[PDB]
Amino acid sequence: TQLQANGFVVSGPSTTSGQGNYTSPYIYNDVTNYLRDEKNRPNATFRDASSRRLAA
Amino acid sequence: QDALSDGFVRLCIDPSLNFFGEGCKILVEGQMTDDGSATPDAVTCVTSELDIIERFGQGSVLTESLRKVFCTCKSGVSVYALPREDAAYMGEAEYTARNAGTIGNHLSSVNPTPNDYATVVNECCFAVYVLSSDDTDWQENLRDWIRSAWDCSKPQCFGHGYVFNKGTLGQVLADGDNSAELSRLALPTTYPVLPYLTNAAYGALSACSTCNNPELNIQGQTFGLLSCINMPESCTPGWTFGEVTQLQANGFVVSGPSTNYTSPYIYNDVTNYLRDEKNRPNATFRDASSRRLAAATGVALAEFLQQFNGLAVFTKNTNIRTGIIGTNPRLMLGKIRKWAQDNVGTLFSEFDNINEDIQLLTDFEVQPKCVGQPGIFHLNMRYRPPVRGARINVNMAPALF
Amino acid sequence: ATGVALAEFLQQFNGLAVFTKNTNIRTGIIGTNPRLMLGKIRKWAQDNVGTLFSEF
Amino acid sequence: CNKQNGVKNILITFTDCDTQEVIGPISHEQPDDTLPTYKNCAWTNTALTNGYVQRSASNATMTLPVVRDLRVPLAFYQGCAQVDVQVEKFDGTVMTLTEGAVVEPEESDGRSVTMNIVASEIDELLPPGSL
Amino acid sequence: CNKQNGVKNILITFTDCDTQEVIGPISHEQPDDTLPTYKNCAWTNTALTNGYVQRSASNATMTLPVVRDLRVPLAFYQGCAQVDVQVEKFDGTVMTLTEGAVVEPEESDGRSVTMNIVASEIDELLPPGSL
Amino acid sequence: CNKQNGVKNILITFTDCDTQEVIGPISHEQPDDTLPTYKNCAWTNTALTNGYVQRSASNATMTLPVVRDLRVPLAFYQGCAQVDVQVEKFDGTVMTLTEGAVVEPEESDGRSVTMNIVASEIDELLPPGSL
Amino acid sequence: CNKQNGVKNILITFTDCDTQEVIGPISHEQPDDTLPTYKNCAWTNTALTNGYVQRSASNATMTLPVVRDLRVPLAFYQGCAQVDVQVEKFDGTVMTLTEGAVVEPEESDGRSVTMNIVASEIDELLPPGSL
Amino acid sequence: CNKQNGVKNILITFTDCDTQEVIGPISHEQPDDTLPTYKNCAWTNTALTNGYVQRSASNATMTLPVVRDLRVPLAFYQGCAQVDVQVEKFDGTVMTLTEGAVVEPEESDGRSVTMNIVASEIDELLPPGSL
């Protein structure tokens, strides 16, 4: 959750369970490392990576 | 677990899990035991039946009233409690008193007299006030405050209070005034169940079933049965038919047995209002349904009339110029009449004669010269509540073939 | 027995909305008027022929 | 005016077959100008030779096109519940039907439902003045 | 005075069924001398045989030709909004309509629009002295 | 305005049975003014003599005329795929159907199709205020 | 003068479907007194019984009587091309229509052509001061 | 425009079943406004009790009305020769059918014929952008 808060892309295992065979990785929070406006804190206009491609 | 690994789903399985809902406001007032962990003389919102014993003590009359209130309603109300501190076949079918005073003499002295509604509950408008005491002073104080809630001087908080008067024919027939704000349940001298349980059940059922559609009379085996309350079967009537006729002619909510345990049952859902001003049997405010109809009609008309606040009004002058967003008294009266017609069947009867029952007058024509002030309007309306079923009067005449 | 049974049947109207000579019924209301009450009582009497009454 | 053909009140009472839940009597409204059509004779006849006719048992049916009520599930109008229909015409005629059953539900679009109701018998009121 | 056929005020309130936004009531102006027309009776009869009539439920229509306002979108006059009309005549008669809908939009040039408004009922004020 | 008959949203989800690939839920558009038609009650009655009714198990059907999506093969609309259709009306009622199958596919021209969707049950949402 | 009814500019752009060639936008001229006529609401209402309305999807139409250009083939005015019509009134209002198709062409003498254009929607500019 | 319903090309190839002579492909034209009509799903479904469906083998059919070519005998259009029909719509869809057979010939007037072609499977080109 700490990594989620400060604009970091967190990845995890597809099936944790227990031992067995290999598992594919699994990503979260498709966001960019943008946390601050020019001065202020809450600039969500460029948080998600989708907003970047949408603007372009 | 591999589906809950991500932060998408946040499962919070737990038994209590209070649900969303504002419902209908009911205030229950009763004494509290020292075991509880709540601030005395302060209205509070109760969320579930699980924690009522913790906050209001074990075996306290307020706790039992809360149990009955939650029993008789699954969803549709939000219950507020007013804890009070004590002054310085047993019980119900489910079952030295734990609360000092006369509240322990009704098992099959010195009672607190707060008189602080004006401060504890200042401007919170409650629908039904439930009182769990038989003291005449406490009930009179509650009646006085509820009457003060209906003042033309200040904005109103319409409500209704529920009490009980246990005793014999003489006792109950003497604790009765012209208080249209109180419905005095009249329990017999040898009534098995603890009176405040039945009082709370009655009040909770009334508010809970009506205030959503505030015209359903609490009568009959389908609308006026206290299902949660149970009492053992008996062959001794609570009152004689002469006594029942006297009470029903004297504005008391007479209950009856639905003859194992038999759930109690009500006959007439009326208020303690017989005489009008000075005198006259004004039937208008007899039924408790008329009270909720008056409150709802006043509130709805107040909300509807709010659209005229700030609008330009062209009295006298001439017709509305094109492009303006103004109005004139005739069009306002027409809109009021159409709104009144639209509510027929839910708040009124059809009408007697709508051309006379509704009239809108400007302040200029109601006051003498130089007294009338622009903007102010006078609206007068007399409505008739819907007609509901009553006596059938079967006249059966046998005959041979 | 017939009086008791008629008492059973007639309780449908206790607290029910009643529209008198005034006018008819509007859509959605759960009320009734004396004509339909008479019809319902007549049908109830008709259904009990042979167990509580003669033919008529 | 006893010269007007049409319906004035339509009361329907739904009773659940399983939970015995009673809903009604709820007034209803017509979707169009098609009036309910009736059959008060419980016997269906058949043509035979030389004026003879065969009497066979049948039902008192009723076709009732109404607009559904948004407070009542659509399944209640298509044979999942009992119906007690009571229709009042403009001239005073009253047809009372109890313990009816919708036999042939038809595809409805969620507003107007045509109910084919079958019952043991139908009672007629015959505004005052009979025979 | 008194004997004067014509409209004095026309107030229209627009409500968008999507966003619940209220615009009005804005006074309006006639485009020509054609007056608005009304139909108050909610039942439409039909000529049957020999004095019989077929009363079926219908609407309380209203034809209202008015001049468009430049501050209100044209779609608001062509069925894309809910209109609450209120017209007062020169003799004191007031027609009140609420929650009406424009049923048949006709192509307009952008200044004069005619609206066929359908509502459940229309209230008449009947200047003092009635029945 | 609450008094409006129509369809607001139509969502269809295709699930190919051979490869277990799920497509959707895509939104769809009506081809004409014919609304989708439902039949919720899962039991079909049959008329018997003198009020009796023979109750037997049957399906919950639905007729859905829509415009095909140009990104979806036409065969998905004619019974080669499992449909998950959900329709919302203007009055708030929602029809939800899952694990449906197209029974009798008529030939289509490639723009407008009509599905006869069959399912065990159909869910009614009944906008607030019920029974 | 603000109070002035008429059309100030009319721009039409032709895009042939087969060759994807664009021509315009070219200013056009009215042939006679009649003004262009609009219909902005994309939903067509329909009168039902007792105030109800059946809302169904439709188009946004436009009638454009103009004088054809001598440099543009007459077939482009009669449905053999895609038109991008833009018209401005004298009071500042602008109707914008994009990707329009001429539906019902009638025979023209070769100088004056009346268009019947159907498009998904038409945008209103509504000169300053709105709602 | 990308919003157009209609056919663009129709090619039919005739193969003689006796002498193995191949003719075509030859372009054809519609006789009326009726478009060719398709059924792609090779399996047919039958409604059963409580949501179940019986899958059985079927055919991929097509109805194709065309104007016959004056260079091709009429018997070739009525089931005495193979057909390899191929139709392309305006929006990019292309339906391919090979080794088809005409099942139920009808009396043609000598200009317009309506084919009912039954083949094992029909291929869809499904213009770019899929699933």
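With both bridge residues required to lie in chain B, what share of the DSSP beta bridges run antiparallel, to the nearest 5%?
40 percent
How would you classify the stretch B:212-288 from its alpha-carbon gyration tensor, with a ≥ b ≥ c the square roots of the eigenvalues: rounded for a/c under 1.5, else prolate if a/b is greater than b/c, otherwise oblate? Numbers along the way, then the final one.
Values: a/c = 3.87, a/b = 1.56, b/c = 2.49.
The shape class here is oblate.
Could you work out the mean projected area of the convex hull around the alpha carbons of the stretch G:59-131, in square nanometres to one decimal? Provide the component values of the computation, followed by the final result.
Numbers: hull surface 22.6 nm².
One quarter of the hull surface, i.e. the mean projection, equals 5.6 nm².
Farthest toward the dipole's positive end in chain F, which of F:25, F:7, F:130, given Cβ charges of +1 (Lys, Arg) and -1 (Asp, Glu) about the Cα centre?
Selected residue: F:130.
Test of understanding: given chain G, find the longest segment containing no trypsin sites (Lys or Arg not before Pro) that are in a DSSP loop and have at most 14 other Cβ atoms within 10 Å.
Working: sites that count: G:3, G:71, G:111.
With a cap of 14 other Cβ atoms within 10 Å, the longest stretch comes to G:4-70.
Considering the zone a paramagnetic label at residue H:47 would reach in this model (a point 7 Å from Cα along the Cα-to-Cβ line), which residues of the stretch D:82-110 have amide N under 18 Å from it?
Only D:102-110 fall inside the zone, counting backbone N under 18 Å.
So how strong a dipole does the stretch B:153-251 carry about its Cα centre when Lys and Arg Cβ are +1 and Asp and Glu Cβ are -1, to the nearest 20 debye?
With only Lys, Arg, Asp and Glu charged at Cβ, the dipole is about 160 debye.
Could you please state, rounded to a whole Å, how far the C-alpha centre of the stretch B:106-178 is from the C-alpha centre of chain C?
So the separation of the two Cα centres works out to 41 Å.
Could you work out the helix-only [θ] at 222 nm for chain B, with each DSSP H run of four or more residues adding -39,500 (n - 2.57) and the total divided by the number of residues, to the nearest 500 deg cm²/dmol?
-7500 deg cm²/dmol
Take the eigenvalues of the Cα gyration tensor for the stretch B:279-389, scale each by 5, and report the square roots as semi-axes in whole Å, largest first.
31, 17, 12
Using per-residue counts of other Cβ atoms within 10 Å, averaged over each peptide, order B:188-200, B:266-278 from highest down.
Going by the mean number of other Cβ atoms within 10 Å, highest first, we get B:188-200, B:266-278.
Pop a pseudo-label 7 angstrom from the Cα along the beta-carbon direction at both residue B:34 and residue A:53 and give the gap in nm to one decimal.
7.1 nm
Mind pulling up the Rg/Rh value for chain F? Radius of gyration and Kirkwood radius, both on Cα.
Reported Rg/Rh, Kirkwood definition of Rh: 1.02.
Size of the dipole of chain F about the Cα centre, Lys and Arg at +1 and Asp and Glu at -1 on the beta carbon, nothing else charged, in debye to 20?
Details: 8 positive and 18 negative charges, 93 e Å.
Using Cβ point charges on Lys, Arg, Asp and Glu, chain F gives about 440 debye.
In angstroms, what radius of gyration and Dmax does chain A have, counting Cα atoms only?
When restricted to the Cα atoms of chain A, Rg and Dmax are 15.2, 50 Å.
If you average the sequence gap of Cα pairs under 8 Å that are 6 or more apart and divide by the length of chain E, what percent do you get for the contact order?
27 percent
Which whole number of Å³ per residue matches the convex hull of the alpha-carbon atoms in chain C?
Looking at chain C, the number lands at 95 Å³ per residue.
Rounded, prolate or oblate: which fits the stretch D:1-58 when a ≥ b ≥ c are the square roots of the eigenvalues of the alpha-carbon gyration tensor, with rounded for a/c under 1.5 and prolate only if a/b beats b/c?
The shape class here is oblate.
Considering the alpha-carbon set of the stretch B:26-147 alone, what are its Rg and its Dmax in angstrom?
Calculated on Cα positions, Rg and Dmax stand at 14.1, 43 Å.
In nm, to one decimal, how far is the residue B:41 label point from the residue F:91 one, both placed 7 Å along Cα→Cβ?
5.6 nm
So what are the ³J(HN,Hα) numbers for the stretch F:4-16, from phi and the Karplus equation (6.51, -1.76, 1.60; θ = phi - 60°), rounded to whole Hz, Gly and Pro as x?
Running phi through 6.51 cos²θ - 1.76 cosθ + 1.60 with θ = phi - 60° gives 8, 9, x, 10, 8, 9, 10, 10, 10, 10, 9, 10, 5 Hz.
Roughly how many whole Å is it from the C-alpha centroid of the stretch B:347-401 to that of the stretch H:84-116?
75 Å
Which residues does a label at residue A:15 reach in the stretch B:1-24, if reach means a backbone N under 13 Å from a point 7 Å past the Cα toward the Cβ?
B:1-3
Check the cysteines of chain B one by one and keep only those with no other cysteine Cβ under 4.7 Å from their own.
Isolated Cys, chain B: B:12, B:45, B:124, B:152, B:235, B:370.
In the protein assembly as shown, how does Rg compare with the Kirkwood Rh, expressed as the Rg/Rh ratio over alpha carbon atoms? Please report the intermediate quantities before stating the final value.
On the way: Rg = 37.4 Å, Rh = 37.0 Å.
In the protein assembly as shown, Rg relative to Rh is 1.01.
Charges only on Cβ, +1 for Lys and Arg, -1 for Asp and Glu: so what's the dipole of the protein assembly as shown about the Cα centre, in debye to the nearest 20?
Result for the protein assembly as shown is approximately 4060 debye, rounded to the nearest 20.
Per residue of the stretch B:345-360, in order, report the coupling 6.51 cos²θ - 1.76 cosθ + 1.60 (Karplus, θ = phi - 60°) as ³J(HN,Hα) in whole Hz, putting x for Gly and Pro.
x, 10, 10, 9, 6, 5, 4, 7, 7, 5, 5, 10, 6, 10, 8, 10
For a quick check of your reading of the filter: which trypsin sites (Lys or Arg not before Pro) in chain A sit in a DSSP loop and have no more than 16 other Cβ atoms within 10 Å?
Hits after loop and neighbour filter: A:36, A:39.
Would you mind giving the average projected area, over all directions, of the Cα convex hull of the stretch B:179-254 in nm² with one decimal? Please report the intermediate quantities before stating the final value.
On the way: hull surface 23.5 nm².
In nm², the orientation-averaged hull projection of the stretch B:179-254 is 5.9.
Contact order normalised by length for the stretch H:69-116, with contacts defined as Cα pairs under 8 Å and 6 or more residues apart; what percent is it?
34 percent
Taking Cα atoms of chain B, Rg/Rh with Kirkwood Rh, to two decimals?
With Rh from the inverse mean 1/r over Cα pairs, Rg/Rh is 1.05.
Which value in nm describes the separation of the simple spin-label points at residue H:32 and residue A:33, placed 7 Å from the Cα toward the beta carbon?
7.0 nm
No lab work stands behind these numbers, since they all come straight from the coordinates. Backbone-built Cβ (ideal geometry, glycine too); neighbour counts: all protein chains shown.
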